[PDB]
Amino acid sequence: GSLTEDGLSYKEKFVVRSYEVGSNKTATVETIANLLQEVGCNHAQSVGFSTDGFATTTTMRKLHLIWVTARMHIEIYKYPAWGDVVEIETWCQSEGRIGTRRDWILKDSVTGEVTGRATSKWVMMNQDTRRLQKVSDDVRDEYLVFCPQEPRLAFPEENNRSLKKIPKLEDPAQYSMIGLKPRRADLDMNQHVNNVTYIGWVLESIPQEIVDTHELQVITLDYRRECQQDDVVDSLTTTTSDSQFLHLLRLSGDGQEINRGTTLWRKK
Amino acid sequence: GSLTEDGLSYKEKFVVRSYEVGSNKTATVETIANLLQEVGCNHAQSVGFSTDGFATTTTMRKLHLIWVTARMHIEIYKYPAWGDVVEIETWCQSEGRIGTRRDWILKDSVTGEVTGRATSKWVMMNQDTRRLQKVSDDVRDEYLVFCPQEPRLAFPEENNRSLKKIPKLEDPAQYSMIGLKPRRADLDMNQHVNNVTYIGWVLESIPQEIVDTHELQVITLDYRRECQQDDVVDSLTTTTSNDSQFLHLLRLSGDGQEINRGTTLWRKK
Ligand SMILES: N#CCc1ccc(O)cc1
Ligand SMILES: N#CCc1ccc(O)cc1
């Protein structure tokens with residue numbers, strides 16, 4: 075992997091592994107989401123950020139602030155097969171004082187054709203109190219030298235699928251998968267549940283017949299609250315229609348919301 | 075990745091990923107086990123085997139036979155950190171008519187020092203009836219041109235832990251983790267639970283205090299029966315022992347049918 079010539083974006087190639095593919099012998103959306111995280115981490119390291127915190131500037135570390143994912147939006151036109159080489163380019167951009175955005179473009183390394191794209195919204199949070207906040211001018215100025223100055227968007231379209239509000243699923247859900255718990259492989263180096271695990275949990279309540287006859291084209295996921303290592307989750311899905336679904340992840344007991352999302356599936 | 079000069083073994087390098095590491099900032103034993111499977115699959119493809127069946131010879135496909143893992147044995151001296159490059163060499167060997175063995179050696183790509191080793195026993199099984207069987211002369215003769223003729227063992231030692239029988243854990247278990255279920259990410263391309271998921275499930279019943287103060291040095295796991303995609307599993311552990335040893339049992343949540351038994355050895359950090 076390497077920064078591009080202008081030092082404003084980062085590219086990395088990956089050869090798809092045997093255990094990374096699903097029933098169609100192509101990479102799962104969870105494998106794609108893990109590769110997006112990996113290239114995002116390698117971009118932060120190449121531009122000088124320490125490994126003891128993801129993209130935390132010097133001021134962020136003194137104020138005990140971290141970046142947290144508020145929303146993830148992924149669109150896949152073609153999933154890479156086992157043995158295929160996918161190239162991923164990633165970049166960041168400041169969004170005033172709301173937060174930061176990280177975008178990605180996926181290409182088939184052999185043909186150079188765009189096979190997917192993703193975008194994500196990140197907010198500042200105090201790691202101890204878990205209190206969200208707007209981005210300080212002091213902090214914002216420290217990371218602007220690593221971002222393109224003119225807007226560069228993976229989803230240019232004015233008011234598209236990546237920027238639409240998500241409604242709350244109403245009981246009763248059409249489908250559900252209950253009692254989902256993270257295991258040690260679902261945790262990161264800081265013992266927090268990996269963001270990709272929540273994508274897997276959302277998808278668990280999609281019926282197998284949809285998965286067997288359709289391919290996932292779009293997924294938008296909002297992150298409201300973390301699942302702890304000792305928490306239990308329920309995954310809820312209702313068809314809102333190509334098939335479209337509304338999703339809700341909530342704590343098994345009191346029903347506290349952890350995520351809400353939408354998926355769009357194309358007939359194979 | 076590539077076959078070595080003699081075409082009797084295969085080598086591949088991997089750069090350890092951010093999401094592949096645990097609380098020590100080093101690769102988990104589950105990440106290691108996934109890399110071992112990946113290099114095993116790439117070795118089979120390089121020597122001519124089709125992607126529509128792992129290392130299935132021509133006779134095997136005609137008779138609906140597949141290789142299944144009976145035992146996995148892994149020893150790690152040093153876990154690679156995030157960003158480190160690990161080189162893995164793998165090879166196969168026929169073990170008479172019992173089955174085949176696949177071995178691995180792990181090295182730090184920078185220093186060339188051996189940081190781990192693994193070995194595994196594979197048996198022939200009919201895909202449809204799930205009935206085990208001995209390896210016929212015809213099947214054995216078809217894969218011997220891809221194996222070293224003189225024995226080459228990752229665990230040569232006359233008195234080593236990879237070949238010792240495993241006792242059945244007796245109730246009550248000292249520790250347990252109940253109601254474990256596979257999700258779609260735990261399945262392979264054929265909708266079967268990945269062998270590595272069972273390693274994760276075994277480890278789930280180890281107390282967090284042990285994980286936080288020790289590193290896993292050795293794991294031996296026997297595969298008795300598959301967990302289906304709609305099955306629920308219970309993970310049981312009892313301390314059998332500055333090194334801690336444990337006896338493990340995975341069984342179906344309801345009737346208590348055995349799926350795996352194993353042992354782990356942990357060294358104090
Ligand atoms: N994008 C990206 C990388 C990244 C994702 C999640 C996380 O906790 C740290 C880094
Ligand atoms: N070793 C190795 C490769 C391998 C492992 C499991 C499986 O089902 C197929 C291939």
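Order-wise, the sequence lines are chains B and A. For the first sequence, the residue numbers in the deposited numbering are 75 to 315, 333 to 359. For the second sequence, the residue numbers in the deposited numbering are 75 to 315, 332 to 359. Every residue, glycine too, gets a C-beta built ideally from N, C-alpha and C.
Three-state class that DSSP yields for residue i in the structure shown
{"i": "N264 of chain A", "result": "coil"}
{"i": "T78 of chain B", "result": "coil"}
{"i": "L342 of chain A", "result": "strand"}
{"i": "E94 of chain B", "result": "helix"}
{"i": "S236 of chain A", "result": "helix"}
{"i": "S334 of chain A", "result": "strand"}
{"i": "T314 of chain B", "result": "coil"}
{"i": "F229 of chain B", "result": "coil"}
{"i": "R214 of chain B", "result": "helix"}
{"i": "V184 of chain A", "result": "coil"}
{"i": "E86 of chain B", "result": "strand"}
{"i": "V103 of chain B", "result": "helix"}
{"i": "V121 of chain B", "result": "coil"}
{"i": "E224 of chain B", "result": "coil"}
{"i": "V113 of chain B", "result": "helix"}
{"i": "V197 of chain B", "result": "strand"}
{"i": "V306 of chain B", "result": "coil"}
Closer than 7 Å: residue i CB and nearest ligand 3 heavy atom
{"i": "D262 of chain A", "result": "Among the ligands in the structure shown, ligand 3 does not appear; only ligand 1 and ligand 2 can be found there."}
Own chain residues within Cβ distance below 7 Å of residue i, not counting five before or after
{"i": "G96 of chain A", "result": "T102"}
{"i": "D202 of chain B", "result": "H138"}
{"i": "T314 of chain A", "result": "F336 and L337"}
{"i": "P222 of chain B", "result": "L82, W165 and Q167"}
{"i": "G114 of chain A", "result": "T164 and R176"}
{"i": "residue 411 of chain B", "result": "With chain B covering 75 to 359 only, the question about residue 411 of chain B has no answer from this structure."}
{"i": "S309 of chain B", "result": "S250, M251, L254, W275, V276, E278, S279 and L340"}
{"i": "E232 of chain A", "result": "none"}
{"i": "residue 323 of chain A", "result": "No coordinates are present for residue 323 of chain A, because the numbering of chain A runs from 315 directly to 332."}
{"i": "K195 of chain A", "result": "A144, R145, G173 and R175"}
Same chain, Cβ closer than 6 Å to residue i, five either side skipped, listed in chain order
{"i": "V121 of chain A", "result": "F220"}
{"i": "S92 of chain A", "result": "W156"}
{"i": "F229 of chain B", "result": "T193 and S236"}
{"i": "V90 of chain A", "result": "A101, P154, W156 and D158"}
{"i": "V270 of chain B", "result": "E104, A107 and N108"}
{"i": "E94 of chain B", "result": "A101 and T105"}
{"i": "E348 of chain A", "result": "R298 and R341"}
{"i": "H147 of chain B", "result": "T193, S236 and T294"}
Own chain residues within Cβ distance below 8 Å of residue i, not counting five before or after
{"i": "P281 of chain A", "result": "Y249"}
{"i": "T78 of chain B", "result": "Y84, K85 and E163"}
{"i": "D212 of chain B", "result": "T133"}
{"i": "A247 of chain B", "result": "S279, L310, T311, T312 and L339"}
My parser needs the beta strand (DSSP E) runs of 3 or more residues fully inside the region 123-172 of chain B; what are they?
139-150 and 159-169
Stretch pair the region 82-93 of chain B + the region 236-255 of chain B: three plus CB contacts closer than 8 Å
no
Inter-stretch contact (C-beta, 8 Å, three-pair minimum) for the region 339-356 of chain B and the region 234-251 of chain B:
With a cut-off of 8 Å, the region 234-251 of chain B and the region 339-356 of chain B count as touching, because enough Cβ pairs lie within range.
Output, in sequence order along the chain, the residues in the region 108-119 of chain B whose CB is closer than 7 Å to any CB in chain A.
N108, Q111, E112 and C115
Closer than 8 Å, Cβ to any Cβ of chain B: which residues of the region 244-278 of chain A, in chain order?
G253, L254, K255, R257, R258, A259, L261, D262, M263, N264, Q265, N268, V270, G274, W275, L277 and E278
Whole beta strand (DSSP E) runs in the region 245-302 of chain A with 3 or more residues, listed along the chain?
249-254 and 288-297
Could you list the residues in the region 78-112 of chain B with a C-beta less than 7 Å from some C-beta on chain A, going in chain order?
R91, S92, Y93, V95, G96, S97, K99, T102, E104, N108, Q111 and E112
Check whether the region 278-295 of chain B touches the region 348-355 of chain B, counting contact only when three or more Cβ pairs, one atom from each stretch, lie closer than 8 Å.
yes
Assess contact between the region 124-144 of chain A and the region 187-206 of chain A, defined as three or more Cβ pairs (one per stretch) separated by less than 8 Å. Is contact present?
yes
Measuring CB atoms only, is the region 301-310 of chain A touching the region 260-267 of chain A, in the sense that at least three cross pairs come out at less than 8 Å?
Counting Cβ pairs under 8 Å, three or more are found: they touch.
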